[PDB]
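Okay, so here's just one chain, in structure tokens, the form solved without the partner chain.
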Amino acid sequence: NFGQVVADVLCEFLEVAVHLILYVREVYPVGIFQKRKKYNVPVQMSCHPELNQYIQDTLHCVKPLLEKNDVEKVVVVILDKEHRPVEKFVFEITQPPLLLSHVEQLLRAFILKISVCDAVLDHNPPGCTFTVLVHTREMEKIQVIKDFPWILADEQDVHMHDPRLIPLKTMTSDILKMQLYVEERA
């Protein structure tokens, strides 16, 4: 009935979210970001071509997992210079089966919470990149186009030793239950 359209909407949201998460957590210098209107609020999006392509490729590979409801979580993992996870924005996604301004509005909520989440988060070390983790089951065809293969996440990235938990937002509609929450280390 709906389904494709949910994934479409969801995938685009995650794109916009990942950019904004990189801007507010200062993973790349603020100078690469330009202001864009998105869900009718001010957001920040990278102008750096290769970064933009990295993000697009990641999410275009996630899309088929979303499209047939195989994504348990999409985690933006922030990593320090030594490639150790300092911070994780976990988007945890369910699409239960079963029984449009409302979706925009509930997505806008997550965007807004990200914008101001600097007010509730311990500011990160210098020298940071990120990666994306996707919790799923056992896309091997968009990996092969793209030249953007995926590989099992290392145990150092999945486990965070004794993490602090900072929820930002929850939505619970009929179509979609999503909780966004951060994990920090001590």
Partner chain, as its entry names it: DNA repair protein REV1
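Numbering follows the first chain given and starts at 1.
Enquirer: What is the count, as a class, of unmodelled deposited residues between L99 and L100: none, 1 to 3, 4 to 9, or 10 or more?
Expert: The entry has a gap there, with 4 to 9 residues left out between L99 and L100.
Enquirer: Higher mean Cα B-factor in the deposited model: 47-55 or 117-125?
Expert: That would be 117-125.
Enquirer: Please compare 82-90 with 108-116 and name the stretch with the higher mean C-alpha B-factor in the deposited structure.
Expert: Comparing 82-90 with 108-116, the higher mean C-alpha B-factor belongs to 82-90.
Enquirer: Among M139, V30, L66, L133, which carries the highest Cα B-factor?
Expert: Largest recorded C-alpha B-factor: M139.
Enquirer: Compared with the other modelled residues in the chain, in which third is the CA B-factor of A186?
Expert: Highest third, going by the recorded CA B-factors of the chain.
Enquirer: Just say lowest, middle or highest third for the CA B-factor of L14 relative to the other modelled residues in its chain.
Expert: Its C-alpha B-factor belongs to the lowest third of this chain's values.
Enquirer: Relative to the other modelled residues of the same chain, rank the CA B-factor of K38 and answer lowest, middle or highest third.
Expert: Answer is lowest: the recorded C-alpha B-factor places it there.
Enquirer: Would you check the entry's CA temperature factor for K177 and let me know if it's in the chain's lowest, middle or highest third?
Expert: Within its chain, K177 is a middle-third residue by C-alpha B-factor, going by the deposited values.
Enquirer: Among the chain's modelled residues, which third holds the C-alpha B-factor of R164?
Expert: Tercile = highest for this residue's CA B-factor.
Although not depicted, the form solved in complex with the partner chain is the subject of the following passage.
Enquirer: Decide whether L14 counts as a contact residue for the partner chain in the deposited complex under a heavy atom distance cut-off of 4.5 Å.
Expert: Because no heavy atom of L14 falls inside 4.5 Å of the partner chain in the deposited complex, the answer is no.
Enquirer: Taking the partner chain as it sits in the deposited complex, is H19 in contact with it (heavy atom to heavy atom, 4.5 Å or less)?
Expert: Answer no; every heavy atom of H19 is more than 4.5 Å from the partner chain in the deposited complex.
Enquirer: Determine whether any heavy atom of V24 comes within 4.5 Å of a heavy atom of the partner chain in the deposited complex, and answer yes or no.
Expert: Contact with the partner chain, no.
Enquirer: For 155-185: residues with a non-hydrogen atom within 4.5 angstroms of the partner chain in the deposited complex?
Expert: Result: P163, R164, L165, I166, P167, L168, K169, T170, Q179, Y181, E183, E184.
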